[PDB]
file coords_35.txt (compact mmCIF, N, CA and C atoms and all ligand atoms)
# COMPACT_ATOMS: atom_id res chain seq x y z
N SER A 42 86.19 57.29 32.54
CA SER A 42 86.29 55.98 31.89
C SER A 42 86.81 54.93 32.86
N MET A 43 86.62 53.66 32.50
CA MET A 43 87.24 52.56 33.23
C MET A 43 88.75 52.53 33.02
N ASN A 44 89.24 53.14 31.95
CA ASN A 44 90.66 53.14 31.61
C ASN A 44 91.32 54.42 32.09
N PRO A 45 92.54 54.32 32.60
CA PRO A 45 93.29 55.51 32.97
C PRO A 45 93.80 56.20 31.72
N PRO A 46 94.23 57.46 31.83
CA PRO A 46 95.03 58.03 30.76
C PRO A 46 96.26 57.17 30.53
N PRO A 47 96.73 57.07 29.29
CA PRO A 47 97.91 56.25 29.02
C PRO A 47 99.11 56.81 29.75
N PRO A 48 100.12 55.99 30.03
CA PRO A 48 101.32 56.52 30.70
C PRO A 48 101.96 57.63 29.89
N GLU A 49 102.53 58.61 30.60
CA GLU A 49 103.26 59.67 29.93
C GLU A 49 104.42 59.10 29.12
N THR A 50 104.71 59.72 27.97
CA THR A 50 105.79 59.26 27.11
C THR A 50 106.83 60.31 26.78
N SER A 51 106.65 61.56 27.22
CA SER A 51 107.56 62.64 26.91
C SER A 51 107.89 63.41 28.18
N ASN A 52 109.11 63.93 28.24
CA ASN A 52 109.55 64.80 29.33
C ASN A 52 110.14 66.05 28.71
N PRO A 53 109.35 67.13 28.59
CA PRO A 53 109.80 68.31 27.83
C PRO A 53 110.94 69.07 28.48
N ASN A 54 111.21 68.84 29.76
CA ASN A 54 112.22 69.60 30.50
C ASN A 54 113.41 68.74 30.90
N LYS A 55 113.46 67.55 30.45
CA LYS A 55 114.61 66.69 30.70
C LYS A 55 115.65 66.89 29.60
N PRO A 56 116.93 67.03 29.95
CA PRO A 56 117.95 67.14 28.90
C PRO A 56 118.03 65.87 28.07
N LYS A 57 118.35 66.04 26.79
CA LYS A 57 118.56 64.90 25.92
C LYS A 57 119.91 64.28 26.23
N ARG A 58 119.90 63.00 26.58
CA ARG A 58 121.11 62.28 26.95
C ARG A 58 121.03 60.88 26.37
N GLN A 59 122.04 60.52 25.60
CA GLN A 59 122.11 59.23 24.93
C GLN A 59 123.06 58.32 25.69
N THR A 60 122.78 57.01 25.69
CA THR A 60 123.74 56.03 26.16
C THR A 60 123.73 54.86 25.19
N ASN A 61 124.84 54.12 25.12
CA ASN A 61 124.80 52.98 24.22
C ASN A 61 123.84 51.90 24.73
N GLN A 62 123.58 51.85 26.04
CA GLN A 62 122.58 50.92 26.55
C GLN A 62 121.18 51.30 26.08
N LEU A 63 120.84 52.59 26.09
CA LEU A 63 119.54 53.02 25.58
C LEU A 63 119.43 52.76 24.08
N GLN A 64 120.51 52.99 23.32
CA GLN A 64 120.50 52.63 21.91
C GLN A 64 120.20 51.15 21.72
N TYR A 65 120.84 50.30 22.52
CA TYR A 65 120.62 48.86 22.44
C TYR A 65 119.18 48.51 22.81
N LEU A 66 118.64 49.15 23.85
CA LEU A 66 117.27 48.88 24.25
C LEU A 66 116.28 49.20 23.14
N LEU A 67 116.51 50.28 22.38
CA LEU A 67 115.59 50.60 21.29
C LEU A 67 115.85 49.74 20.06
N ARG A 68 117.11 49.72 19.60
CA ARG A 68 117.43 49.18 18.29
C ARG A 68 117.54 47.67 18.27
N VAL A 69 117.83 47.05 19.42
CA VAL A 69 117.93 45.60 19.54
C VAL A 69 116.76 45.02 20.33
N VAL A 70 116.57 45.46 21.57
CA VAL A 70 115.59 44.81 22.45
C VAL A 70 114.17 45.10 21.99
N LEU A 71 113.78 46.38 22.00
CA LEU A 71 112.43 46.74 21.61
C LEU A 71 112.14 46.31 20.19
N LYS A 72 113.07 46.56 19.27
CA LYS A 72 112.83 46.22 17.87
C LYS A 72 112.57 44.73 17.68
N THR A 73 113.35 43.88 18.36
CA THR A 73 113.16 42.43 18.22
C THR A 73 111.81 42.00 18.77
N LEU A 74 111.44 42.50 19.96
CA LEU A 74 110.16 42.12 20.54
C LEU A 74 108.99 42.68 19.75
N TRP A 75 109.14 43.90 19.21
CA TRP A 75 108.04 44.54 18.49
C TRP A 75 107.65 43.77 17.24
N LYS A 76 108.63 43.14 16.59
CA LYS A 76 108.43 42.41 15.35
C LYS A 76 108.04 40.95 15.58
N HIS A 77 108.03 40.50 16.82
CA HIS A 77 107.73 39.11 17.11
C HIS A 77 106.25 38.83 16.85
N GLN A 78 105.96 37.59 16.45
CA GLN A 78 104.59 37.18 16.14
C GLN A 78 103.64 37.36 17.31
N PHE A 79 104.14 37.37 18.55
CA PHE A 79 103.29 37.50 19.72
C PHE A 79 103.26 38.92 20.29
N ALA A 80 103.78 39.91 19.56
CA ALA A 80 103.88 41.25 20.11
C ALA A 80 102.53 41.93 20.24
N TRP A 81 101.57 41.58 19.38
CA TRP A 81 100.37 42.41 19.21
C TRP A 81 99.59 42.71 20.49
N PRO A 82 99.39 41.80 21.44
CA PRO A 82 98.63 42.18 22.65
C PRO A 82 99.35 43.19 23.51
N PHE A 83 100.65 43.40 23.27
CA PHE A 83 101.50 44.22 24.12
C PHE A 83 101.92 45.51 23.44
N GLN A 84 101.41 45.80 22.25
CA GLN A 84 101.84 46.97 21.49
C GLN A 84 101.10 48.25 21.88
N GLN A 85 100.16 48.17 22.81
CA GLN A 85 99.39 49.33 23.23
C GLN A 85 98.88 49.07 24.63
N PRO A 86 98.46 50.12 25.36
CA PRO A 86 97.89 49.91 26.69
C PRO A 86 96.69 48.98 26.65
N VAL A 87 96.53 48.21 27.73
CA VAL A 87 95.33 47.40 27.91
C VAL A 87 94.11 48.30 27.95
N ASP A 88 93.14 48.02 27.08
CA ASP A 88 91.84 48.68 27.10
C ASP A 88 90.89 47.73 27.80
N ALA A 89 90.65 47.97 29.09
CA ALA A 89 89.84 47.06 29.88
C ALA A 89 88.38 47.07 29.46
N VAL A 90 87.92 48.16 28.84
CA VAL A 90 86.56 48.21 28.32
C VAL A 90 86.41 47.29 27.11
N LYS A 91 87.22 47.53 26.08
CA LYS A 91 87.09 46.75 24.85
C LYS A 91 87.45 45.29 25.06
N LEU A 92 88.38 45.00 25.97
CA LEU A 92 88.79 43.62 26.22
C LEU A 92 87.94 42.93 27.27
N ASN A 93 87.00 43.65 27.88
CA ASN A 93 86.13 43.09 28.90
C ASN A 93 86.94 42.50 30.06
N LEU A 94 87.80 43.36 30.62
CA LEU A 94 88.51 43.13 31.88
C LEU A 94 88.16 44.23 32.91
N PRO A 95 86.88 44.38 33.30
CA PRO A 95 86.49 45.42 34.29
C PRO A 95 87.32 45.53 35.57
N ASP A 96 87.98 44.47 36.04
CA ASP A 96 88.76 44.57 37.26
C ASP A 96 90.24 44.84 37.01
N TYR A 97 90.64 45.03 35.75
CA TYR A 97 92.06 45.07 35.42
C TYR A 97 92.78 46.17 36.19
N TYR A 98 92.23 47.38 36.16
CA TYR A 98 92.91 48.52 36.75
C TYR A 98 92.66 48.64 38.25
N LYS A 99 91.85 47.75 38.84
CA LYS A 99 91.83 47.58 40.28
C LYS A 99 92.96 46.67 40.75
N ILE A 100 93.40 45.75 39.90
CA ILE A 100 94.45 44.80 40.25
C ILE A 100 95.82 45.31 39.84
N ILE A 101 95.90 45.99 38.71
CA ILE A 101 97.17 46.40 38.12
C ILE A 101 97.40 47.87 38.46
N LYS A 102 98.37 48.13 39.35
CA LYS A 102 98.65 49.48 39.82
C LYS A 102 99.47 50.30 38.84
N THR A 103 100.37 49.66 38.09
CA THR A 103 101.28 50.35 37.17
C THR A 103 101.13 49.71 35.80
N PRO A 104 100.14 50.14 35.03
CA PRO A 104 99.99 49.61 33.67
C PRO A 104 101.24 49.90 32.84
N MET A 105 101.58 48.98 31.94
CA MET A 105 102.72 49.21 31.06
C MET A 105 102.55 48.34 29.82
N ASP A 106 103.11 48.82 28.71
CA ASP A 106 102.98 48.15 27.42
C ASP A 106 104.16 48.58 26.55
N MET A 107 104.39 47.84 25.46
CA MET A 107 105.53 48.13 24.59
C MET A 107 105.32 49.37 23.73
N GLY A 108 104.08 49.75 23.44
CA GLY A 108 103.87 51.00 22.72
C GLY A 108 104.36 52.18 23.53
N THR A 109 104.04 52.18 24.83
CA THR A 109 104.54 53.19 25.74
C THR A 109 106.06 53.16 25.82
N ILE A 110 106.64 51.96 25.96
CA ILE A 110 108.10 51.84 26.05
C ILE A 110 108.77 52.37 24.78
N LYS A 111 108.23 51.99 23.62
CA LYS A 111 108.77 52.43 22.33
C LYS A 111 108.77 53.95 22.24
N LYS A 112 107.64 54.57 22.58
CA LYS A 112 107.56 56.03 22.53
C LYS A 112 108.50 56.67 23.54
N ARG A 113 108.60 56.09 24.74
CA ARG A 113 109.52 56.63 25.74
C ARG A 113 110.96 56.59 25.23
N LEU A 114 111.38 55.47 24.64
CA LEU A 114 112.72 55.41 24.06
C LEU A 114 112.89 56.44 22.94
N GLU A 115 111.90 56.52 22.04
CA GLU A 115 112.00 57.46 20.92
C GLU A 115 112.09 58.90 21.40
N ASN A 116 111.39 59.23 22.49
CA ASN A 116 111.36 60.57 23.05
C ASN A 116 112.48 60.82 24.04
N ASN A 117 113.37 59.85 24.27
CA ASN A 117 114.45 60.02 25.24
C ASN A 117 113.90 60.30 26.63
N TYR A 118 112.78 59.65 26.95
CA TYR A 118 112.11 59.83 28.23
C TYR A 118 112.92 59.25 29.38
N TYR A 119 113.62 58.15 29.15
CA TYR A 119 114.35 57.48 30.21
C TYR A 119 115.69 58.15 30.44
N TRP A 120 116.01 58.38 31.72
CA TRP A 120 117.34 58.87 32.08
C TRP A 120 118.38 57.77 31.98
N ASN A 121 117.98 56.51 32.11
CA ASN A 121 118.95 55.42 32.06
C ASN A 121 118.24 54.14 31.62
N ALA A 122 119.05 53.17 31.22
CA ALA A 122 118.52 51.92 30.69
C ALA A 122 117.76 51.13 31.74
N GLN A 123 118.16 51.23 33.01
CA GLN A 123 117.48 50.45 34.04
C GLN A 123 116.01 50.84 34.18
N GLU A 124 115.69 52.12 33.99
CA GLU A 124 114.28 52.53 34.01
C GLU A 124 113.49 51.83 32.93
N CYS A 125 114.08 51.67 31.75
CA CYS A 125 113.41 51.01 30.65
C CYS A 125 113.25 49.52 30.94
N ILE A 126 114.31 48.88 31.42
CA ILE A 126 114.25 47.47 31.79
C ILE A 126 113.14 47.25 32.82
N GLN A 127 113.02 48.15 33.79
CA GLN A 127 111.96 48.04 34.78
C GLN A 127 110.58 48.07 34.14
N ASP A 128 110.39 48.94 33.14
CA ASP A 128 109.09 48.99 32.47
C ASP A 128 108.78 47.67 31.77
N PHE A 129 109.76 47.06 31.10
CA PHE A 129 109.53 45.74 30.52
C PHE A 129 109.14 44.74 31.60
N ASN A 130 109.88 44.73 32.71
CA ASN A 130 109.57 43.80 33.79
C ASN A 130 108.15 44.00 34.31
N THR A 131 107.75 45.26 34.49
CA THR A 131 106.40 45.58 34.95
C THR A 131 105.35 45.05 33.99
N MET A 132 105.56 45.26 32.69
CA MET A 132 104.62 44.76 31.69
C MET A 132 104.41 43.26 31.85
N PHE A 133 105.50 42.50 31.97
CA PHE A 133 105.37 41.06 32.11
C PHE A 133 104.72 40.69 33.44
N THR A 134 105.14 41.33 34.53
CA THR A 134 104.54 41.05 35.83
C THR A 134 103.04 41.26 35.81
N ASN A 135 102.59 42.37 35.22
CA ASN A 135 101.15 42.63 35.17
C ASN A 135 100.43 41.47 34.52
N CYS A 136 100.97 40.99 33.40
CA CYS A 136 100.33 39.91 32.67
C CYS A 136 100.25 38.65 33.52
N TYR A 137 101.34 38.33 34.22
CA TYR A 137 101.40 37.09 34.98
C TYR A 137 100.58 37.13 36.25
N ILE A 138 100.37 38.31 36.83
CA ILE A 138 99.60 38.35 38.06
C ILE A 138 98.10 38.51 37.80
N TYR A 139 97.71 39.09 36.66
CA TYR A 139 96.30 39.28 36.35
C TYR A 139 95.67 38.05 35.70
N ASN A 140 96.36 37.45 34.74
CA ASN A 140 95.78 36.38 33.93
C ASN A 140 96.08 35.01 34.53
N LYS A 141 95.31 34.03 34.10
CA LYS A 141 95.48 32.69 34.64
C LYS A 141 96.63 31.99 33.93
N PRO A 142 97.40 31.16 34.64
CA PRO A 142 98.43 30.37 33.97
C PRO A 142 97.78 29.52 32.90
N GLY A 143 98.46 29.38 31.77
CA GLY A 143 97.88 28.65 30.66
C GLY A 143 96.91 29.43 29.80
N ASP A 144 96.52 30.65 30.19
CA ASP A 144 95.86 31.53 29.24
C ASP A 144 96.83 31.81 28.10
N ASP A 145 96.28 31.90 26.88
CA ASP A 145 97.13 32.15 25.72
C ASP A 145 97.97 33.41 25.91
N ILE A 146 97.40 34.44 26.55
CA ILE A 146 98.13 35.69 26.73
C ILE A 146 99.39 35.47 27.57
N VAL A 147 99.31 34.58 28.56
CA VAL A 147 100.47 34.31 29.41
C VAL A 147 101.56 33.58 28.64
N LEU A 148 101.19 32.60 27.81
CA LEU A 148 102.19 31.91 27.01
C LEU A 148 102.87 32.85 26.02
N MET A 149 102.10 33.78 25.46
CA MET A 149 102.68 34.79 24.58
C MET A 149 103.67 35.67 25.34
N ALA A 150 103.27 36.14 26.52
CA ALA A 150 104.16 36.95 27.34
C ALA A 150 105.45 36.20 27.67
N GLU A 151 105.33 34.92 28.00
CA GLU A 151 106.51 34.14 28.38
C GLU A 151 107.49 34.02 27.22
N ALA A 152 106.98 33.84 26.00
CA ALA A 152 107.87 33.76 24.84
C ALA A 152 108.59 35.09 24.63
N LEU A 153 107.87 36.20 24.76
CA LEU A 153 108.51 37.51 24.63
C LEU A 153 109.50 37.75 25.75
N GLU A 154 109.15 37.35 26.98
CA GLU A 154 110.07 37.57 28.09
C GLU A 154 111.36 36.78 27.90
N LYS A 155 111.27 35.55 27.40
CA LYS A 155 112.47 34.76 27.15
C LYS A 155 113.40 35.49 26.20
N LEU A 156 112.84 36.05 25.13
CA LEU A 156 113.63 36.79 24.16
C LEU A 156 114.20 38.05 24.79
N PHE A 157 113.38 38.76 25.57
CA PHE A 157 113.84 39.94 26.29
C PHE A 157 115.04 39.61 27.17
N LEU A 158 114.93 38.56 27.99
CA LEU A 158 116.02 38.21 28.90
C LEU A 158 117.28 37.82 28.13
N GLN A 159 117.12 37.12 27.01
CA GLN A 159 118.28 36.76 26.19
C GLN A 159 118.99 38.01 25.69
N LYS A 160 118.24 39.00 25.21
CA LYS A 160 118.87 40.23 24.73
C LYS A 160 119.48 41.03 25.87
N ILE A 161 118.82 41.07 27.03
CA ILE A 161 119.35 41.79 28.18
C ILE A 161 120.66 41.18 28.67
N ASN A 162 120.82 39.87 28.50
CA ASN A 162 122.08 39.23 28.89
C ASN A 162 123.26 39.78 28.10
N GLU A 163 123.00 40.43 26.97
CA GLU A 163 124.03 41.03 26.13
C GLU A 163 123.99 42.55 26.16
N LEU A 164 123.35 43.14 27.17
CA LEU A 164 123.32 44.59 27.30
C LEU A 164 124.75 45.11 27.36
N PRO A 165 125.11 46.11 26.55
CA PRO A 165 126.48 46.62 26.62
C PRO A 165 126.77 47.25 27.97
N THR A 166 128.05 47.29 28.32
CA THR A 166 128.46 47.86 29.59
C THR A 166 128.46 49.39 29.52
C1 LIG A 201 98.41 42.54 28.25
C2 LIG A 201 97.08 41.92 27.89
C3 LIG A 201 96.52 42.09 26.63
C4 LIG A 201 95.32 41.47 26.27
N1 LIG A 201 94.68 41.57 24.99
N2 LIG A 201 95.16 42.39 24.17
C5 LIG A 201 94.58 42.34 22.84
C6 LIG A 201 95.07 43.30 21.96
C7 LIG A 201 94.63 43.32 20.65
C8 LIG A 201 93.70 42.39 20.18
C9 LIG A 201 93.34 42.42 18.73
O1 LIG A 201 93.64 43.38 18.03
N3 LIG A 201 92.73 41.31 18.24
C10 LIG A 201 92.42 41.07 16.88
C11 LIG A 201 92.98 39.98 16.21
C12 LIG A 201 92.69 39.76 14.87
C13 LIG A 201 91.86 40.62 14.19
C14 LIG A 201 91.30 41.71 14.84
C15 LIG A 201 91.57 41.96 16.19
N4 LIG A 201 91.02 43.05 16.82
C16 LIG A 201 93.20 41.45 21.08
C17 LIG A 201 93.64 41.42 22.40
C18 LIG A 201 94.65 40.66 27.19
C19 LIG A 201 93.46 39.86 27.18
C20 LIG A 201 93.37 39.27 28.40
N5 LIG A 201 94.42 39.65 29.19
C21 LIG A 201 95.22 40.50 28.46
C22 LIG A 201 96.40 41.12 28.82
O2 LIG A 201 96.91 40.95 30.06
call {"tool": "encode", "arguments": {"input": "coords_35.txt", "output": "structure tokens", "more": "lines below"}}
Ligand SMILES: Cc1cc(/N=N/c2ccc(C(=O)Nc3ccccc3N)cc2)c2cc[nH]c2c1O
result
Amino acid sequence: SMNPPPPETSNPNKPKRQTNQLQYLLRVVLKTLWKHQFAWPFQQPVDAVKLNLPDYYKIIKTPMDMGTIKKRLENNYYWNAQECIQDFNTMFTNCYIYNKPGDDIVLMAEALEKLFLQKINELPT
């Protein structure tokens, strides 16, 4: 296919380890962005076939989306909160480097990123 397999979301051999930062990332950060009116383009991996972006996966080396992030948090895939924050950053970067400024998708990403950064400013210690 033109699309890669979706990013892995489970680590069967990683110990289960909770942190209050990971709790905050799921219950505050992800939850707030997931319910936002602009979340929908970001709730699943980019399907370059259905969306007619044939060059997407030639330009975007590390695909990322909030559906993947949500499942990773639910599955305790991340060893630490910084790994999760990096995935959010990657998702936004992909959008900004692939799409044209002023495309509706970019304005939607920017609104979500603003909310993301506001919540990250209150990440517990
Ligand atoms: C991250 C990202 C996502 C992108 N579109 N993601 C979409 C997802 C669902 C949809 C969708 O269900 N649309 C709909 C709306 C009302 C009723 C039915 C449907 N099927 C569209 C785009 C695009 C497009 C261009 N660059 C994109 C990009 O960088």
call {"tool": "atom_distance", "arguments": {"input": "coords_35.txt", "atom1": "atom CA of residue A:152", "atom2": "atom N of residue A:133"}}
result
11.5 Å
call {"tool": "residues_near_ligand", "arguments": {"input": "coords_35.txt", "ligand": "ligand LIG 201 (chain A)", "cutoff": "7 Å", "atoms": "all atoms listed in the file", "output": "PyMOL selection string"}}
result
chain A and resi 81-84+86-88+92+135-137+139-140+146-147
call {"tool": "write_last_selection", "arguments": {"input": "coords_35.txt", "atoms": "N, CA and C atoms", "output": "mmCIF file, keeping the file's coordinate frame"}}
result
data_model
loop_
_atom_site.group_PDB
_atom_site.id
_atom_site.type_symbol
_atom_site.label_atom_id
_atom_site.label_comp_id
_atom_site.auth_asym_id
_atom_site.auth_seq_id
_atom_site.Cartn_x
_atom_site.Cartn_y
_atom_site.Cartn_z
ATOM 1 N N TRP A 81 101.570 41.580 19.380
ATOM 2 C CA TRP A 81 100.370 42.410 19.210
ATOM 3 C C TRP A 81 99.590 42.710 20.490
ATOM 4 N N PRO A 82 99.390 41.800 21.440
ATOM 5 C CA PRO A 82 98.630 42.180 22.650
ATOM 6 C C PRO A 82 99.350 43.190 23.510
ATOM 7 N N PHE A 83 100.650 43.400 23.270
ATOM 8 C CA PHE A 83 101.500 44.220 24.120
ATOM 9 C C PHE A 83 101.920 45.510 23.440
ATOM 10 N N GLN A 84 101.410 45.800 22.250
ATOM 11 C CA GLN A 84 101.840 46.970 21.490
ATOM 12 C C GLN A 84 101.100 48.250 21.880
ATOM 13 N N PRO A 86 98.460 50.120 25.360
ATOM 14 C CA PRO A 86 97.890 49.910 26.690
ATOM 15 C C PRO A 86 96.690 48.980 26.650
ATOM 16 N N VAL A 87 96.530 48.210 27.730
ATOM 17 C CA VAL A 87 95.330 47.400 27.910
ATOM 18 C C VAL A 87 94.110 48.300 27.950
ATOM 19 N N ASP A 88 93.140 48.020 27.080
ATOM 20 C CA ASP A 88 91.840 48.680 27.100
ATOM 21 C C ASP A 88 90.890 47.730 27.800
ATOM 22 N N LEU A 92 88.380 45.000 25.970
ATOM 23 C CA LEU A 92 88.790 43.620 26.220
ATOM 24 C C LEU A 92 87.940 42.930 27.270
ATOM 25 N N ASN A 135 102.590 42.370 35.220
ATOM 26 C CA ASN A 135 101.150 42.630 35.170
ATOM 27 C C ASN A 135 100.430 41.470 34.520
ATOM 28 N N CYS A 136 100.970 40.990 33.400
ATOM 29 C CA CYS A 136 100.330 39.910 32.670
ATOM 30 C C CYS A 136 100.250 38.650 33.520
ATOM 31 N N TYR A 137 101.340 38.330 34.220
ATOM 32 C CA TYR A 137 101.400 37.090 34.980
ATOM 33 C C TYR A 137 100.580 37.130 36.250
ATOM 34 N N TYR A 139 97.710 39.090 36.660
ATOM 35 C CA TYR A 139 96.300 39.280 36.350
ATOM 36 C C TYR A 139 95.670 38.050 35.700
ATOM 37 N N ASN A 140 96.360 37.450 34.740
ATOM 38 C CA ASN A 140 95.780 36.380 33.930
ATOM 39 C C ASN A 140 96.080 35.010 34.530
ATOM 40 N N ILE A 146 97.400 34.440 26.550
ATOM 41 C CA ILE A 146 98.130 35.690 26.730
ATOM 42 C C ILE A 146 99.390 35.470 27.570
ATOM 43 N N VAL A 147 99.310 34.580 28.560
ATOM 44 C CA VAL A 147 100.470 34.310 29.410
ATOM 45 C C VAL A 147 101.560 33.580 28.640
#
call {"tool": "closest_residue", "arguments": {"input": "coords_35.txt", "among": "A:165, A:104, A:56, A:45", "to": "residue A:128", "atoms": "only N, CA and C atoms"}}
result
A:104
call {"tool": "closest_atom_pairs", "arguments": {"input": "coords_35.txt", "of": "stretch 63-100 of chain A", "to": "stretch 117-125 of chain A", "cutoff": "8 Å", "atoms": "only N, CA and C atoms", "output": "JSON lines"}}
result
{"residue": "A:63", "atom": "N", "partner": "A:122", "partner_atom": "CA", "distance": 5.2}
{"residue": "A:64", "atom": "N", "partner": "A:122", "partner_atom": "CA", "distance": 7.7}
{"residue": "A:66", "atom": "CA", "partner": "A:122", "partner_atom": "CA", "distance": 7.2}
call {"tool": "closest_residue", "arguments": {"input": "coords_35.txt", "among": "A:138, A:160, A:43, A:85", "to": "residue A:101", "atoms": "all atoms listed in the file"}}
result
A:138
call {"tool": "residues_around", "arguments": {"input": "coords_35.txt", "residues": "residue A:49", "least_positions_apart": "5", "cutoff": "8 Å", "atoms": "all atoms listed in the file", "output": "list in words"}}
result
residues 109, 112, 113 and 118 of chain A
call {"tool": "closest_residue", "arguments": {"input": "coords_35.txt", "among": "A:164, A:68, A:48, A:158", "to": "residue A:105", "atoms": "only N, CA and C atoms"}}
result
A:48
call {"tool": "closest_residue", "arguments": {"input": "coords_35.txt", "among": "A:116, A:162, A:73, A:93", "to": "residue A:51", "atoms": "all atoms listed in the file"}}
result
A:116
call {"tool": "atom_distance", "arguments": {"input": "coords_35.txt", "atom1": "atom C of residue A:54", "atom2": "atom N of residue A:161"}}
result
28.5 Å
call {"tool": "select_by_dssp", "arguments": {"input": "coords_35.txt", "residues": "chain A", "states": "helix (DSSP H, G or I)", "output": "ChimeraX atom specification"}}
result
/A:61-75,81-83,97-100,107-115,122-139,145-161
call {"tool": "atom_distance", "arguments": {"input": "coords_35.txt", "atom1": "atom N of residue A:77", "atom2": "atom CA of residue A:126"}}
result
17.6 Å
